[PDB]
Amino acid sequence: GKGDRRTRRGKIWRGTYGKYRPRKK
Amino acid sequence: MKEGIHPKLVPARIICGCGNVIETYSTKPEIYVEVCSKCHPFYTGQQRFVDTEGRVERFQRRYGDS
Amino acid sequence: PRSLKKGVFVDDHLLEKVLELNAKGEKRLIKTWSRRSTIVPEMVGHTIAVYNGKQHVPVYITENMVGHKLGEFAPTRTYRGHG
Amino acid sequence: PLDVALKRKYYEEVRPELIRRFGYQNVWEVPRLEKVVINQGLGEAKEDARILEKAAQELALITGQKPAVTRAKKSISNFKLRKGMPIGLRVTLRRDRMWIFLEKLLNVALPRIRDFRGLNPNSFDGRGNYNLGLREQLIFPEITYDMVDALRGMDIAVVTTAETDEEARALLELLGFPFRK
Amino acid sequence: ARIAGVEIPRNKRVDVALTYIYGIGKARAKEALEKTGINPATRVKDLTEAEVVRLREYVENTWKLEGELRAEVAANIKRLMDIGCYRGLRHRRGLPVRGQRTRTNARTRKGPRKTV
RNA sequence: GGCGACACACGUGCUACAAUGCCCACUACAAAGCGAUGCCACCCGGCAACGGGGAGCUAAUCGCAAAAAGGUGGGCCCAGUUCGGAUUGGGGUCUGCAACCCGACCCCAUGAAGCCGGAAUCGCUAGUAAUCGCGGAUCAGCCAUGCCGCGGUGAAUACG
RNA sequence: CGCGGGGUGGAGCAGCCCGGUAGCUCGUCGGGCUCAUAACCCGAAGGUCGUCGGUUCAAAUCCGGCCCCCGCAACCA
RNA sequence: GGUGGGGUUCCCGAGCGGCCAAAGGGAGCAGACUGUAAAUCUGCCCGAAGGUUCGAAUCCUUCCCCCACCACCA
RNA sequence: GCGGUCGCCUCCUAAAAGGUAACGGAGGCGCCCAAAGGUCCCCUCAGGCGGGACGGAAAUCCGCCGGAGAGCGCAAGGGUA
Ligand SMILES: [Mg+2]
Ligand SMILES: [Mg+2]
Ligand SMILES: [Mg+2]
Ligand SMILES: [Mg+2]
Ligand SMILES: [Mg+2]
Ligand SMILES: [Mg+2]
Ligand SMILES: [Mg+2]
Ligand SMILES: [Mg+2]
Ligand SMILES: [Mg+2]
Ligand SMILES: [Mg+2]
Ligand SMILES: [Mg+2]
Ligand SMILES: [Mg+2]
Ligand SMILES: [Mg+2]
Ligand SMILES: [Mg+2]
Ligand SMILES: [Mg+2]
Ligand SMILES: [Mg+2]
Ligand SMILES: [Mg+2]
Ligand SMILES: [Mg+2]
Ligand SMILES: [Mg+2]
Ligand SMILES: [Mg+2]
Ligand SMILES: [Mg+2]
Ligand SMILES: [Mg+2]
Ligand SMILES: [Mg+2]
Ligand SMILES: [Mg+2]
Ligand SMILES: [Mg+2]
């Protein structure tokens with residue numbers, strides 16, 4: 001959920017990046 | 001011992017992270033065991049695995065030079 | 001948690017006076033307004049009077065206080081409960 | 001079943017080291033193990049005997065003896081308990097069967113206790129017997145974890161012919177009891 | 001089957017069932033799977049009792065776990081108190097430790113409300 | 001130093017309590033704004049935050065940029081659970097003279113309350129409500145879930 | 001002195017017969033409605049049972065004492 | 001001691017030889033209406049043993065209690 | 001008169017046999033148990049101290065010490081391992 005920083009959409013919520021939301025194309 | 005209504009208690013085979021415990025002598029022969037110690041896992045012949053002692057230490061070290 | 005790991009910041013106001021108290025032959029009570037700094041190892045066994053905003057609180061210093069700031073041992077508020 | 005490794009280990013390891021240490025003049029004077037008595041206070045089950053009989057089924061499985069039932073000596077009101085109700089189970093065991101049980105207890109049971117930095121060495125009662133309590137019953141090999149309705153522990157009492165404490169310690173030490181030093 | 005302390009998981013999946021241990025989950029799970037070369041999609045209900053000891057010893061000996069962890073966590077927390085530090089006496093008062101605000105809902109740390 | 005207190009009480013909110021749902025992969029389609037004392041492609045090291053290196057752009061040129069929901073495929077199988085992420089332990093990145101009080105962020109561990117909410121009470125009549133992301137302002141950094149805007153998909157119902 | 005009844009949350013009352021888990025109305029506290037108060041609505045807290053002994057496994061409850069209370073009595077003289 | 005009535009789902013209550021989860025009422029729960037409280041409305045949910053028949057809550061024997069009544073007391 | 005009382009058991013009064021009074025001091029009974037009865041066979045308390053998971057002043061368990069202070073259905077007395 002948007003409050004678990006350890007999920008994809010979690011990190012999208014705070015709009016940060018990381019292991020669970022890496023920046024790539 | 002009273003005859004009837006009593007468990008058999010027959011010579012058995014116990015296994016573990018180690019080899020076999022030959023002694024046994026219990027009802028329900030051939031039993032499996034999580035971890036037996038006295039073959040020296042678990043604090044006997046203590047390995048003290050994943051030990052630390054770093055509570056004071058860590059901020060004494062990396063902070064030493066940095 | 002938190003951070004530095006390059007620079008390990010501590011004020012040089014007192015670090016001077018502490019280093020000078022290392023090899024002096026004397027140990028006494030050093031009044032400081034610096035809670036921003038970090039404590040030890042050359043600090044340990046020394047008594048520092050730290051400011052909470054109101055006064056300087058005496059604090060004895062020992063080894064398990066290591067990585068900690070000097071303001072942690074000088075709390076700023078006064079509570080004693082509600083009722 | 002007269003072999004029993006621990007029994008032997010008492011005679012060909014322990015008895016000798018014992019005489020060497022305390023310097024006993026007589027054959028009999030050196031400490032013997034008599035009587036490990038196991039006991040469950042079960043008063044958690046009062047008006048339900050169904051809970052009791054499953055627990056005595058349990059002991060027999062680990063001990064090899066059907067336990068006794070202990071009954072309320074006096075009525076004590078504050079927690080239930082009128083007089084004569086079943087309180088818990090108690091089994092005495094000796095002579096071989098104590099051996100075969102103590103053997104398992106040392107090699108298997110105690111290793112399977114969460115934490116377990118070893119057995120507290122103040123439980124020697126000063127006339128030289130030792131006592132220990134256990135939290136759950138599945139630390140014994142005979143228990144399968146799918147047979148447990150609820151975890152109930154016990155009291156183990158071990159009696160020595162050792163007149164003193166320091167002696168009784170030695171005996172159990174040398175038998176391989178993991179004391180916390 | 002059994003793991004440090006006891007903690008028997010069952011059915012579900014090997015990788016998920018390892019979460020159910022204290023000290024382990026997500027990251028520490030999926031890692032110990034490939035390092036013992038075991039399929040995480042497999043149900044623990046059925047596997048080789050080999051993969052069971054491969055898993056056990058790794059996980060048990062790699063990093064400290066339920067009994068040992070829980071006592072170490074409690075250990076620092078003791079040291080935070082009794083040293084007298086602010087981090088510590090917020091552990092004393094059962095109050096919030098890192099920042100936040102106690103004027104309104106602290107509840108998790110504070111406990112149920114006691115009205116007046 | 002305090003405005004950050006905390007037995008408590010209230011307003012406005014965010015995240016939820018799950019299977020029209022959660023997680024992982026791959027794959028799409030916007031608008032408005034912003035930036036050369038800044039925006040930063042691309043390459044390397046790092047699990048990552050980020051750190052190096054470094055090209056373009058005074059910008060319909062180059063950059064923030066990935067839009068998210070959605071689509072496909074696979075997993076979870078009704079469980080206080082692969083729901084939910086509160087607390088707390090440890091480990092680090094960055095701004096800054098300085099993050100103890102009081103920062104934001106990353107990772108490992110921890111996983112709380114919560115199973116749709118008493119009396120009551122709020123919004124909304126259409127590209128509205130619901131839901132989904134994105135941008136600015138202020139600003140070193142940020143406690144922004146706020147505010148002011150942008151488009152994405154897109155209901156119900158008005159007897160009277 | 002005599003006899004009968006009693007004493008329990010802040011108030012007023014049940015419960016005591018018949019041993020085992022203290023209830024009711026009001027009041028108090030937190031919320032709701034109101035511009036606001038009162039009424040009303042949704043929640044909550046609060047008593048060791050006058051006191052000291054005793055009986056029992058267990059006493060507000062059964063027994064004894066003391067202490068206050070209400071009622072009746074004190075006639076022939 | 002005697003006579004007559006009983007005994008039904010939590011309470012009351014009708015209860016019949018062709019089955020009557022067993023009328024009905026209220027209580028409880030969930031809905032609708034709601035200033036408060038209700039009223040109204042909709043759904044949810046055979047004393048005992050034995051015995052007679054194919055069928056027993058129904059008929060008989062028996063047993064246990066209740067209610068009622070009359071009578072007696074050395 | 002009013003009040004209390006009225007038979008039964010226990011203790012004291014009662015003066016070391018028995019018995020003995022007062023509106024002398026204190027308590028109890030009007031039941032109970034098909035086992036709480038007969039017999040045979042075993043067993044021995046309370047309490048204190050040390051030990052022992054949930055177990056606390058006391059649930060059950062183990063050690064030692066404890067000659068009866070426990071128990072004997074109910075009041076007291078006598079009795080009693
Ligand atoms: Mg989640
Ligand atoms: Mg002894
Ligand atoms: Mg604060
Ligand atoms: Mg403010
Ligand atoms: Mg908000
Ligand atoms: Mg152009
Ligand atoms: Mg819950
Ligand atoms: Mg701070
Ligand atoms: Mg659920
Ligand atoms: Mg709500
Ligand atoms: Mg309109
Ligand atoms: Mg959502
Ligand atoms: Mg935003
Ligand atoms: Mg009010
Ligand atoms: Mg009002
Ligand atoms: Mg009493
Ligand atoms: Mg006259
Ligand atoms: Mg209403
Ligand atoms: Mg008279
Ligand atoms: Mg005489
Ligand atoms: Mg005489
Ligand atoms: Mg009398
Ligand atoms: Mg005793
Ligand atoms: Mg004792
Ligand atoms: Mg006696």
# chains A, B, ... in the order shown; residues from 1 in each chain; ligands from 1

$ residues_near_ligand --ligand "ligand 17" --cutoff "12 Å" --atoms "only C-alpha atoms (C1' of nucleotides) and all ligand atoms" --output "number ranges by chain"
G: 75-77; I: 1

$ write_last_selection --atoms "N, CA, C and O atoms (P, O5', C5', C4', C3', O3' and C1' of nucleotides)" --output "PDB file, in the first residue's frame"
ATOM      1  P     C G  75     -44.206   4.727  83.695  1.00  0.00           P
ATOM      2  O5'   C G  75     -45.703   4.416  84.142  1.00  0.00           O
ATOM      3  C5'   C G  75     -46.674   4.032  83.173  1.00  0.00           C
ATOM      4  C4'   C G  75     -47.471   2.832  83.608  1.00  0.00           C
ATOM      5  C3'   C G  75     -47.814   2.782  85.072  1.00  0.00           C
ATOM      6  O3'   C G  75     -48.916   3.592  85.380  1.00  0.00           O
ATOM      7  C1'   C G  75     -47.052   0.675  84.376  1.00  0.00           C
ATOM      8  P     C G  76     -49.168   3.993  86.896  1.00  0.00           P
ATOM      9  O5'   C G  76     -49.450   2.608  87.589  1.00  0.00           O
ATOM     10  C5'   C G  76     -50.756   2.119  87.760  1.00  0.00           C
ATOM     11  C4'   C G  76     -50.754   1.245  88.967  1.00  0.00           C
ATOM     12  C3'   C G  76     -50.248   1.913  90.233  1.00  0.00           C
ATOM     13  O3'   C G  76     -51.282   2.618  90.910  1.00  0.00           O
ATOM     14  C1'   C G  76     -49.288  -0.257  89.970  1.00  0.00           C
ATOM     15  P     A G  77     -51.407   4.225  90.904  1.00  0.00           P
ATOM     16  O5'   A G  77     -49.917   4.725  91.109  1.00  0.00           O
ATOM     17  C5'   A G  77     -49.271   4.695  92.370  1.00  0.00           C
ATOM     18  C4'   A G  77     -47.817   5.018  92.156  1.00  0.00           C
ATOM     19  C3'   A G  77     -47.192   4.250  90.999  1.00  0.00           C
ATOM     20  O3'   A G  77     -47.373   4.920  89.766  1.00  0.00           O
ATOM     21  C1'   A G  77     -45.896   3.899  92.946  1.00  0.00           C
TER      22        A G  77
ATOM     23  P     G I   1     -45.668 -11.483  86.955  1.00  0.00           P
ATOM     24  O5'   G I   1     -45.981 -10.168  86.136  1.00  0.00           O
ATOM     25  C5'   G I   1     -47.160 -10.055  85.395  1.00  0.00           C
ATOM     26  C4'   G I   1     -47.308  -8.653  84.870  1.00  0.00           C
ATOM     27  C3'   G I   1     -46.590  -8.335  83.575  1.00  0.00           C
ATOM     28  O3'   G I   1     -47.372  -8.712  82.462  1.00  0.00           O
ATOM     29  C1'   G I   1     -46.214  -6.616  85.139  1.00  0.00           C
TER      30        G I   1
END

$ residues_around --residues "residue 27 of chain B" --least-positions-apart "4" --cutoff "6 Å" --atoms "only C-alpha atoms (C1' of nucleotides)" --output "count of residues only"
3

$ residues_near_ligand --ligand "ligand 14" --cutoff "8 Å" --atoms "only C-alpha atoms (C1' of nucleotides) and all ligand atoms" --output "PDB file with C-alpha atoms (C1' of nucleotides), in the first residue's frame"
ATOM      1  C1'   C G  29     -16.904  12.162  33.645  1.00  0.00           C
ATOM      2  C1'   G G  30     -16.015  11.974  27.914  1.00  0.00           C
ATOM      3  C1'   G G  31     -18.675  12.759  23.498  1.00  0.00           C
TER       4        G G  31
END

$ residues_near_ligand --ligand "ligand 10" --cutoff "12 Å" --atoms "only C-alpha atoms (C1' of nucleotides) and all ligand atoms" --output "number ranges by chain"
F: 16-17, 116-118, 121-122

$ write_last_selection --atoms "N, CA and C atoms (P, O5', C5', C4', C3', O3' and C1' of nucleotides)" --output "PDB file, in the first residue's frame"
ATOM      1  P     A F  16      -3.515   3.043   0.927  1.00  0.00           P
ATOM      2  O5'   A F  16      -3.873   1.705   1.726  1.00  0.00           O
ATOM      3  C5'   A F  16      -5.166   1.446   2.265  1.00  0.00           C
ATOM      4  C4'   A F  16      -5.041   0.796   3.624  1.00  0.00           C
ATOM      5  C3'   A F  16      -6.110  -0.212   4.017  1.00  0.00           C
ATOM      6  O3'   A F  16      -5.848  -1.505   3.513  1.00  0.00           O
ATOM      7  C1'   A F  16      -5.822   1.333   5.771  1.00  0.00           C
ATOM      8  P     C F  17      -6.934  -2.258   2.602  1.00  0.00           P
ATOM      9  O5'   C F  17      -7.700  -3.224   3.611  1.00  0.00           O
ATOM     10  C5'   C F  17      -6.983  -4.136   4.428  1.00  0.00           C
ATOM     11  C4'   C F  17      -7.587  -4.257   5.810  1.00  0.00           C
ATOM     12  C3'   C F  17      -9.035  -4.727   5.901  1.00  0.00           C
ATOM     13  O3'   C F  17      -9.115  -6.141   5.843  1.00  0.00           O
ATOM     14  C1'   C F  17      -8.722  -2.837   7.288  1.00  0.00           C
ATOM     15  P     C F 116     -16.364  -5.294  10.049  1.00  0.00           P
ATOM     16  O5'   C F 116     -17.258  -5.116   8.722  1.00  0.00           O
ATOM     17  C5'   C F 116     -17.833  -3.871   8.296  1.00  0.00           C
ATOM     18  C4'   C F 116     -16.964  -2.672   8.602  1.00  0.00           C
ATOM     19  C3'   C F 116     -17.506  -1.278   8.335  1.00  0.00           C
ATOM     20  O3'   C F 116     -18.507  -0.868   9.266  1.00  0.00           O
ATOM     21  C1'   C F 116     -15.253  -1.381   7.700  1.00  0.00           C
ATOM     22  P     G F 117     -19.249   0.566   9.172  1.00  0.00           P
ATOM     23  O5'   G F 117     -19.598   0.895  10.693  1.00  0.00           O
ATOM     24  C5'   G F 117     -19.066   0.141  11.779  1.00  0.00           C
ATOM     25  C4'   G F 117     -18.438   1.026  12.842  1.00  0.00           C
ATOM     26  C3'   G F 117     -18.926   2.484  12.908  1.00  0.00           C
ATOM     27  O3'   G F 117     -19.903   2.693  13.931  1.00  0.00           O
ATOM     28  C1'   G F 117     -16.562   2.411  12.598  1.00  0.00           C
ATOM     29  P     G F 118     -21.488   2.735  13.644  1.00  0.00           P
ATOM     30  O5'   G F 118     -22.093   3.280  15.027  1.00  0.00           O
ATOM     31  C5'   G F 118     -22.280   2.409  16.152  1.00  0.00           C
ATOM     32  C4'   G F 118     -22.900   3.106  17.352  1.00  0.00           C
ATOM     33  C3'   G F 118     -23.679   4.365  17.030  1.00  0.00           C
ATOM     34  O3'   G F 118     -25.019   4.070  16.749  1.00  0.00           O
ATOM     35  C1'   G F 118     -22.131   4.824  18.763  1.00  0.00           C
ATOM     36  P     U F 121     -26.782  15.222  12.885  1.00  0.00           P
ATOM     37  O5'   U F 121     -25.460  15.485  12.048  1.00  0.00           O
ATOM     38  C5'   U F 121     -24.440  16.350  12.528  1.00  0.00           C
ATOM     39  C4'   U F 121     -23.169  16.159  11.732  1.00  0.00           C
ATOM     40  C3'   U F 121     -23.296  16.311  10.223  1.00  0.00           C
ATOM     41  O3'   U F 121     -23.256  17.641   9.784  1.00  0.00           O
ATOM     42  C1'   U F 121     -22.117  14.342  10.691  1.00  0.00           C
ATOM     43  P     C F 122     -23.699  17.945   8.283  1.00  0.00           P
ATOM     44  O5'   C F 122     -22.369  17.661   7.460  1.00  0.00           O
ATOM     45  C5'   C F 122     -21.225  18.491   7.564  1.00  0.00           C
ATOM     46  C4'   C F 122     -20.184  18.061   6.565  1.00  0.00           C
ATOM     47  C3'   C F 122     -20.546  18.223   5.094  1.00  0.00           C
ATOM     48  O3'   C F 122     -20.426  19.536   4.595  1.00  0.00           O
ATOM     49  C1'   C F 122     -19.687  16.066   5.437  1.00  0.00           C
TER      50        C F 122
END

$ residues_near_ligand --ligand "ligand 3" --cutoff "10 Å" --atoms "only C-alpha atoms (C1' of nucleotides) and all ligand atoms" --output "PyMOL selection string"
(chain E and resi 96-103) or (chain F and resi 4-6+101-102)
